[PDB]
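Student: For the record, the sequence lines run as chains A, B, D and C. Letter by letter, the first sequence follows residues 204 to 217, 232 to 257, 263 to 301, 305 to 322 in the authors' numbering. Letter by letter, the second sequence follows residues 205 to 217, 231 to 257, 265 to 302, 308 to 322 in the authors' numbering. Letter by letter, the third sequence follows residues 205 to 217, 232 to 253, 267 to 299, 309 to 322 in the authors' numbering. Letter by letter, the fourth sequence follows residues 205 to 219, 233 to 255, 267 to 301, 308 to 322 in the authors' numbering. Beta carbons: idealized from backbone N, C-alpha and C, even for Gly.
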Amino acid sequence: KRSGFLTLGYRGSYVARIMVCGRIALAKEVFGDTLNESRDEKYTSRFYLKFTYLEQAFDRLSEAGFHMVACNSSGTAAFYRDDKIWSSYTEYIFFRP
Amino acid sequence: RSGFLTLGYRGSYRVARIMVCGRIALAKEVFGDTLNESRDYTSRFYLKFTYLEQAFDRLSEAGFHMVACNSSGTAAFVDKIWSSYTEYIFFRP
Amino acid sequence: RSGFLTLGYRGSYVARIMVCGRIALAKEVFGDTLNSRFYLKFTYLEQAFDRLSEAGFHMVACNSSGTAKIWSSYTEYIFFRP
Amino acid sequence: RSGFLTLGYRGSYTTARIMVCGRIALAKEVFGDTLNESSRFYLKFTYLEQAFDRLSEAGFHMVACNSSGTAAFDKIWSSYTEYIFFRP
């Protein structure tokens, strides 16, 4: 089935890492040869994106017919007391009918 | 004087409740009489007459900084209707 | 699944360990509860970090403030699960 | 003669200057020429153990301790501990 979900993970710290989770057939259709599997899962796996920024991944998902459904963001900071270093991780859940 | 404060915002995209968890001394110092205990979320404390932006101003003037955060927002068929629940962790040295 | 958990306790170096967060996350991690300012509280040997570590939570922040003689401190631990 | 003094200490123990807060008369008496203007000052040629000895020999007792530590992704820890001393 061409329908399904695709989770887009982004681990940033304010060249980051972009993750793609979901069925393999859906990941290869939207992202092509930018996938890099890292198993750590039946018919689904997690991939890392090369030669692709976050905005480009959105354009690939938008043209493929996916829409953002859920978004799980979380960040933690560490300290003088005015300057902090944030380390966030966001998951954008996309779905295609 | 030092310690943590937790905010629990459950909004949509203005009728959102703001849960507060932490020491009673720090919560009373920042929010004052806007603290209320629901006699009906492990703290049962919420904020009256206070939006999320106003809660950030009270924490900033009191000397608290956002050290951690975790948001989770879903969407239903409607653009769309987004329902997000966010937990803010504030800390004052 | 995700969320924060806070463990605050007033000791004299030990009283109850108050728990902050959601009731769903509190009962999922702990088999103990109660009825600071927190409705739920755990009274144990302070080895609840294991019940938090294997459950998926990690210590992300900590703050201990004590005053004097005998010291009366109040420590707050911040745990988070992705 | 009597007053308060605070010793700020910052560290970064992943997976260290010393600050002094108080009156210039009390800070100059305890730490001599080790403190420099940053009132607030920072110490040189002095560790945390030696700073406690200078306050102990001067008559200051530790009355408060506020230790804090924040982490960020097995992570980068940023700890800040200040000791509040007082002499009658």
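List, in chain order, every chain A residue whose beta-carbon is nearer than 9 Å to that of C/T298.
Tutor: In the fourth sequence, residue 298 of chain C corresponds to position 70, counting from 1. Ordered by position in chain A, the residues that pass the 9 Å Cβ test against C/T298 are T298, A299, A300, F301 and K309.
Student: Shorter than 7 Å from the beta carbon of C/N253 to some beta carbon of chain B?
Tutor: Counted from its first residue, the fourth sequence places residue 253 of chain C at position 36. Chain B contact via Cβ: absent.
Student: Alpha carbon to alpha carbon, how far is A/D307 from C/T210? Give it in angstroms, no decimals.
Tutor: Within the fourth sequence, numbered from 1, the residue matching residue 210 of chain C stands at position 6. Within the first sequence, numbered from 1, the residue matching residue 307 of chain A stands at position 82. Cα to Cα, C/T210 sits roughly 20 Å from A/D307.
Student: Where do the ends of the beta strand (DSSP E) carrying A/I310 lie?
Tutor: Residue 310 of chain A sits at position 85 when you count from the first residue of the first sequence. Here the beta strand (DSSP E) through A/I310 covers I310 to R321.
Student: Any idea if B/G249 is buried or exposed, counting beta-carbon neighbours within 10 angstroms, 16 or more meaning buried?
Tutor: By one-based count along the second sequence, residue 249 of chain B stands at place 32. Exposed, since its Cβ has fewer than 16 Cβ neighbours within 10 Å.
Student: Does the Cβ of A/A244 have 16 or more other Cβ atoms within 10 Å, making it buried, or fewer, making it exposed?
Tutor: By one-based count along the first sequence, residue 244 of chain A stands at place 27. A/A244 comes out buried.
Student: Answer with yes or no whether the minimum CB distance from C/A292 to chain D is below 7 Å.
Tutor: Here residue 292 of chain C is taken as the residue at index 64 of the fourth sequence, counted from 1. Closer than 7 Å: yes.
Student: Indicate whether the contact test is met: 3 or more Cβ pairs, each with one atom in the region 274 to 286 of chain D and one in the region 276 to 295 of chain A, closer than 8 Å.
Tutor: no
Student: Can you list, in chain order, the residues of its chain with a C-beta nearer than 6 Å to that of D/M236? Leave out the 5 residues immediately preceding and following it.
Tutor: For the purposes of this step, residue 236 of chain D is taken as the residue at position 18 of the third sequence. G212, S267, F269 and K272, listed in sequence order.
Student: Output the distance between the C-alpha atoms of A/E316 and D/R205, rounded to the nearest integer angstrom.
Tutor: Walking along the first sequence from the start, residue 316 of chain A turns up at place 91. Walking along the third sequence from the start, residue 205 of chain D turns up at place 1. The straight-line gap from Cα to Cα measures roughly 13 Å.
Student: Considering only their Cβ atoms, is the gap separating C/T219 from A/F301 smaller than 7 Å?
Tutor: Here residue 301 of chain A refers to the residue found at position 79 when the first sequence is read from its first residue. Here residue 219 of chain C refers to the residue found at position 15 when the fourth sequence is read from its first residue. No, the pair does not count as a contact, with Cβ atoms beyond the cut-off.
Student: For A/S313, count neighbouring C-beta atoms within 10 Å of its own C-beta (all shown protein chains included) and say buried if the count is 16 or more, exposed if not.
Tutor: Within the first sequence, numbered from 1, the residue matching residue 313 of chain A stands at position 88. Classification for A/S313: buried.
Student: Can you tell me whether C/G239 is buried or exposed, with buried defined as 16 or more other CB within 10 angstroms of its CB?
Tutor: Sequence index remark: in the fourth sequence, residue 239 of chain C carries index 22 (1-based). Buried: at least 16 other Cβ atoms inside 10 Å.
Student: Rounded to whole angstroms, what is the Cα-Cα separation between B/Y217 and B/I310?
Tutor: For this step, residue 217 of chain B is matched to residue 13 along the second sequence. For this step, residue 310 of chain B is matched to residue 81 along the second sequence. Each residue's Cα considered, the two are about 6 Å apart.
Student: Once the 5 residues before and after B/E254 are set aside, which same chain residues still bring their CB inside 7 Å of it?
Tutor: Sequence index remark: in the second sequence, residue 254 of chain B carries index 37 (1-based). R268 and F269, listed in sequence order.
Student: Which two residues bound the contiguous alpha helix (DSSP H) that contains B/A286?
Tutor: In the second sequence, counting from the first residue as 1, residue 286 of chain B sits at position 62. Looking at the DSSP string, the run of the alpha helix (DSSP H) that includes B/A286 is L276 to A286.
Student: Apart from the five residues just before and just after B/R234, which ones in its own chain have a Cβ nearer than 7 Å to its Cβ?
Tutor: For the purposes of this step, residue 234 of chain B is taken as residue 17 along the second sequence, with counting starting at 1. If we look at B/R234 and ignore the five residues flanking it on each side, its Cβ neighbours are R214 and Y270.
Student: Can you tell me whether B/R231 is buried or exposed? The criterion is at least 16 other CB atoms within 10 Å of its CB, across all chains shown.
Tutor: As a first step, residue 231 of chain B must be located in the second sequence, where it is residue number 14. B/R231 is exposed by the Cβ-count criterion.
Student: List the residues that DSSP assigns as beta-bridge partners of C/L211.
Tutor: For the purposes of this step, residue 211 of chain C is identified with residue 7 of the fourth sequence, where counting begins at 1. Looking at the DSSP assignment, C/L211 forms a beta bridge with C/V237 and C/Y317.
Student: Are the C-beta atoms of B/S216 and some chain A residue less than 7 Å apart?
Tutor: Taking the first residue of the second sequence as 1, we reach residue 216 of chain B at position 12. Taking Cβ atoms only, chain A never reaches closer than 7 Å to B/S216, which makes this a no.
Student: Could you tell me the alpha carbon to alpha carbon distance between C/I318 and A/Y265, rounded to whole angstroms?
Tutor: In the fourth sequence, residue 318 of chain C corresponds to position 84, counting from 1. In the first sequence, residue 265 of chain A corresponds to position 43, counting from 1. If you take the alpha carbons of C/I318 and A/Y265, they lie about 59 Å apart.
Student: In angstroms, rounded to a whole number, what distance separates the CA positions of B/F208 and B/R321?
Tutor: On the second sequence, position 4 is the one that residue 208 of chain B refers to. On the second sequence, position 92 is the one that residue 321 of chain B refers to. Roughly 7 Å separates the two Cα atoms.
Student: Using a cut-off of 7 Å between C-beta atoms, extract the partners of B/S206 located in chain C.
Tutor: Sequence index remark: in the second sequence, residue 206 of chain B carries index 2 (1-based). Within chain C, the residues placing a beta-carbon under 7 Å from that of B/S206 are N294 and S296, ordered along the chain.
Student: Three-state secondary structure (DSSP) at D/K245?
Tutor: In the third sequence, residue 245 of chain D corresponds to position 27, counting from 1. Helix, per DSSP.
Student: According to DSSP, is B/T251 helix, strand or coil?
Tutor: Position 34 of the second sequence, counted from the first residue, corresponds to residue 251 of chain B. DSSP places B/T251 in helix when its eight states are reduced to three.
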